[PDB]
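What follows is one chain in structure tokens, specifically the form deposited in one PDB entry.
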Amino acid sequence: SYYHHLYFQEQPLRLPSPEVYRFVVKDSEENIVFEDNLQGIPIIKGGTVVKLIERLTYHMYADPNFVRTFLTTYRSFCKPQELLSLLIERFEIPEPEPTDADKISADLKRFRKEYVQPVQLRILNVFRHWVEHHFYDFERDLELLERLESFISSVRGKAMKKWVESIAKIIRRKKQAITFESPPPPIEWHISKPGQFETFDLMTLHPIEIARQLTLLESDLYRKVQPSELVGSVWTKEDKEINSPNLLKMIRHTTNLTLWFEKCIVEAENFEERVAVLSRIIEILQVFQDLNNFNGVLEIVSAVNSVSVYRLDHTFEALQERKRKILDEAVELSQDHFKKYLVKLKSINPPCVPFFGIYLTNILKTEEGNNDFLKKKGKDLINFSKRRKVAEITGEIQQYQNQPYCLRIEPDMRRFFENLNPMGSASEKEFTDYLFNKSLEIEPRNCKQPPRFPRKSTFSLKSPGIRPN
């Protein structure tokens, strides 16, 4: 009564009624649309969530690319509990009502072999991919895992036991949860010595080791970001702390470090000390560059572009020309929408830390420039092509996440950079206003030379340089 729709048309497969199994409703413009201008598997443009689930577990062929993109992006259109219920509903396939003749027929044998078993195995593959690559869904919702484990314990049949045991094995391993191929260089120390963590500061630590330790820290933060933290702009929305925890740590580290570089410059009231502070920051930038940490490079560029720093003409003119040329070459990476940076990224060799902000910007642009739904007369369809476009960008982020640095962690220095709090008790607005007022104090408008302020420390301003020892 219901049927599934090259050089010969074979007999149609008989299916159960949609009244008892939602997924066999005929495809139409009102429930699924394909990228027909794009090219063996048809590319899904959008559909109802029921049709997306049907195609996620399609009986005719496997679709690994859709499975991957779906499981990365589905939270922007479907809740995890809802997804599990839909997959279970998909699994529990009723057989077509036997005709007066059946009351095993050839049609029913076809149905179990061509439809039921393939769809059920597709679902088990989706479960496997789900727990393998998105197990945080199950850490975040213990009931979701209980439902899944209970369901797979109900799956009968020798043919499916190996899939069930493969899923259970992954769950087992997930619930349970540094070597060097060549010797990392010795940790570098300047004025602050090992263990003296209360004296740690921008000018007392070694500029080489500041850049190394910030690079190890930023590499770790970058590596831990999952693509679903970026989908649907969830890191800016209500539940951001639950849905984007690693992304937020990355963003907040960058905010704090950029403000700290600004603070170090503007609070150096003594002119010669401030020029030495800026010069040291440029040396840290150089080492970031040597390490291919372009996140760190552009954090420093961002800091010197802050108004309170940028307006310090006397400080930039007092820089050695050699320091000026290094700074300005890095600033030019960012110009014309990061043209030169993007050329450099495509050519570098690992390990590296890419500039994270450009991905965030491109995802926000894509989220804003595409509608979540395709508009229909009846129920509007989920715009899946939008999610694919976002997944393309998150796929780029992941290329650089398995690239460890041959550098030794310094635990005290790592804690120092994890605990930076340049704002004190000020709000961001208060702190920004404070920095600008301090800028005005240390280089007043139209001063022909900066006023004299006392030196802040009694140490040499001389850098140890960026040659490793």
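All residue numbers refer to positions in the sequence shown, first residue = 1. Throughout, rigid core stands for the largest set of C-alpha atoms superposing within 1.5 Å between the two forms.
Unshown form solved in complex with a small molecule; subsequent notes refer to it.
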Heavy atoms, 4.5 Å, the small molecule in the entry with it bound: which of 378-386, 108-116, 395-403, 198-206 makes the cut? Say which one.
395-403
Check whether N243 has any heavy atom within 4.5 Å of a heavy atom of the small molecule in the entry with it bound, and answer yes or no.
no
Taking heavy atoms only, is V353 within 4.5 angstroms of the small molecule in the entry with it bound?
no
Contact with the small molecule in the entry with it bound for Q120, defined as at least one heavy atom pair within 4.5 Å: yes or no?
no
Verify the contact flag for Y222: yes if a non-hydrogen atom of it lies within 4.5 Å of a non-hydrogen atom of the small molecule in the entry with it bound, no if not.
yes
Between the options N292, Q213, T258, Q226, which residue brings a heavy atom to within 4.5 Å of the small molecule in the entry with it bound?
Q226
Exactly one of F373, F151, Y359, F91 has a non-hydrogen atom within 4.5 Å of the small molecule in the entry with it bound; which residue is it?
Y359
Which one moved? Candidates are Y400, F66, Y434, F416, criterion is a Cα shift of 2 Å or more between this form and the one not shown after superposing on the core.
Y400
Pin down for me whether the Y341-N402 Cα distance shrinks or grows in the entry with it bound relative to this form (closer or farther, change of 3 Å or more).
closer
